[PDB]
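Reviewing the structure listed below.
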Ligand SMILES: [Zn+2]
């Protein structure tokens, strides 16, 4: 019973990637699913979230670029217009909310997938 | 937190609630704001009926979520 | 023996159980007390998911212990 | 006394604590063990969120008890 990310890799600036989060043990029925990332020297930070009703929410830094969605036992994160600042290990997590507002208690999380976004000079003048 | 309650006519009302507020407390707030008795109220989220004794966090209802009010 | 069950933010309820009771038996008692069907229940204790076939003694659940109940939430 | 901190992902932490250790003093040990900042830890015992300023004895946390560690992230 676990989550497991896939789809990361090295991509040029402005490129696209779709991360996949496969769940076993029906663990997405916790009700709240989210993607978060951590770069070296920085802290974990949620980028997108979706609940069992399908309602999504996003961090300001990824609005208009990232899209979180779900197909039953798989949660996706469509990443478009990727920037060097998006370089981090991306984790998917599932959990619940407690008595706090705006904070999520993730019970499960995967081992993460690495996303590296590099500037690549477009040499086609 | 602020949550929204959506009626069949399409009217959205905002309530100030707490994560551990019961559905019973939510129906009481709808009454104080719209004059609808909790006996006539049936609250829905993600297509599920919400039971009176449960809290909003029991159903993983986050901030700025929308419940659907169906009159009984 | 008497144990307790609560969600993270909800009221705590009391169960009369035996260490040999299975987790399926415990979930059925929660339905009798609270009307939550077993197929919508997740029980956690000591950071472990309580599997339906195991017993309470399999998780060292003893007198006055409190189980953490989590709802199974699905769309529609 | 020694207690355990367990994540549903499989991590088991063994900590030496005192019954008068505060919850935030325990989270400092977990950060040494796991590198998760205290603000991003949420400990659950007996179906209750362990809160800052309270001791382990305040929650009746005893020897060889197991705390449930979940990841607490700002979201929504
Ligand atoms: Zn060039």
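Residue numbers (my numbering), protein chains in the order written: chain G, 5 to 129; chain A, 577 to 648; chain Z, 12 to 87; chain V, 12 to 87. Just so it is clear, CB atoms sit at the ideal spot from N, CA and C, and this is done for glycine as well.
Exercise for review: Indicate whether at least one CB of chain Z lies closer than 8 Å to the CB of residue 628 of chain A.
Suggested key: As a position in the second chain, residue 628 of chain A is number 52, starting the count at 1. So no, residue 628 of chain A is outside the interface.
Review point. Whose C-alpha, out of V/42, V/71, V/75, is nearest the C-alpha of residue 75 of chain Z?
Key: Locating residue 75 of chain Z in the third chain gives position 64, counting from the first residue. Comparing Cα positions, the closest option is V/71.
Review point. Start and end of the beta strand (DSSP E) containing residue 617 of chain A?
Key: Start at 1 with the first residue of the second chain, and residue 617 of chain A comes out as number 41. Its beta strand (DSSP E) spans residues 617-621.
Check your understanding: At a Cβ cut of 7 Å, what residues of the segment 47-65 of chain G count as close to chain V, listed as they run along the chain?
Key -> 47, 48, 50, 53, 61
Check your understanding: Between residue 91 of chain G and the rest of its own chain, which residues show a CB-CB distance below 7 Å, the 5 nearest in sequence each way excluded?
Key -> As a position in the first chain, residue 91 of chain G is number 87, starting the count at 1. Closer than 7 Å at the Cβ level, and outside the excluded window around residue 91 of chain G, lie 43, 119, 120, 121.
Check your understanding: What do you reckon, are the CB atoms on residue 595 of chain A and residue 642 of chain A nearer than 8 Å?
Key -> In the second chain, residue 595 of chain A corresponds to position 19, counting from 1. In the second chain, residue 642 of chain A corresponds to position 66, counting from 1. No; because the gap between Cβ atoms is not below 8 Å, this pair is not in contact.
Check your understanding: If we cut at 8 Å on Cβ distances, does residue 60 of chain V have a partner in chain Z?
Key -> Position 49 of the fourth chain, counting from 1, holds the residue named residue 60 of chain V. Yes, its Cβ sits closer than 8 Å to a Cβ of chain Z.
**Study point:** residue 55 of chain V, enclosing beta strand (DSSP E) - first and last residue
**Key:** Counting from 1 along the fourth chain, the entry for residue 55 of chain V is found at position 44. 52-56 is the extent of the beta strand (DSSP E) around residue 55 of chain V.
Exercise for review: Please specify which runs of the alpha helix (DSSP H), each continuous and at least 4 residues long, are wholly inside the segment 583-642 of chain A, giving them in chain order.
Suggested key: 599-610
**Study point:** N- and C-terminal bounds of the beta strand (DSSP E) containing residue 55 of chain G
**Key:** Within the first chain, numbered from 1, the residue matching residue 55 of chain G stands at position 51. 49-55 is the span of the beta strand (DSSP E), which, as asked, contains residue 55 of chain G.
Review point. Does DSSP put residue 77 of chain G in a helix, in a strand, or in coil?
Key: Against the first chain, residue 77 of chain G aligns to sequence position 73. In this structure, residue 77 of chain G counts as coil in the three-state DSSP scheme.
Exercise for review: Say whether chain A places a C-beta atom closer than 8 Å to the C-beta of residue 72 of chain G.
Suggested key: Reading the first chain from its first residue, position 68 is the one you call residue 72 of chain G. No, residue 72 of chain G does not count as interfacial toward chain A.
Exercise for review: Measure the C-alpha to C-alpha separation of residue 107 of chain G and residue 625 of chain A and round it to an integer number of angstroms.
Suggested key: Taking the first chain and counting its residues from 1, the one referred to as residue 107 of chain G is at position 103. Taking the second chain and counting its residues from 1, the one referred to as residue 625 of chain A is at position 49. Those two C-alpha atoms are separated by around 25 Å.
Point to revise | C-beta atoms of residue 82 of chain V and residue 51 of chain V nearer than 8 Å | key: Here the question's residue 82 of chain V lines up with position 71 in the fourth chain. Here the question's residue 51 of chain V lines up with position 40 in the fourth chain. It is a contact, given that the beta carbons lie within the stated cut-off.
Check your understanding: Checking contacts by CB at 8 Å: is residue 20 of chain V closer than that to chain G?
Key -> What you label residue 20 of chain V is simply residue 9 of the fourth chain in a count that begins at 1. Yes, residue 20 of chain V counts as interfacial toward chain G.
Review point. For the putative contact between residue 591 of chain A and residue 582 of chain A, defined by C-beta atoms under 8 Å, what is the C-beta separation to the nearest angstrom?
Key: Numbered from its first residue, the second chain carries residue 591 of chain A at position 15. Numbered from its first residue, the second chain carries residue 582 of chain A at position 6. Between residue 582 of chain A and residue 591 of chain A the Cβ distance is about 12 Å, and since that is not below 8 Å, they are no contact.
Exercise for review: State yes or no: is the C-beta of residue 125 of chain G nearer than 7 Å to some heavy atom of ligand 1?
Suggested key: Position 121 of the first chain holds residue 125 of chain G. Because some heavy atom of ligand 1 lies under 7 Å away, the Cβ of residue 125 of chain G counts as near it: yes.
Exercise for review: Verify whether the separation of the beta carbon atoms of residue 72 of chain G and residue 98 of chain G is less than 8 Å.
Suggested key: On the first chain, residue 72 of chain G is found 68 positions in, with the first residue counted as 1. On the first chain, residue 98 of chain G is found 94 positions in, with the first residue counted as 1. In this structure, residue 98 of chain G does not lie closer than 8 Å to residue 72 of chain G by Cβ.
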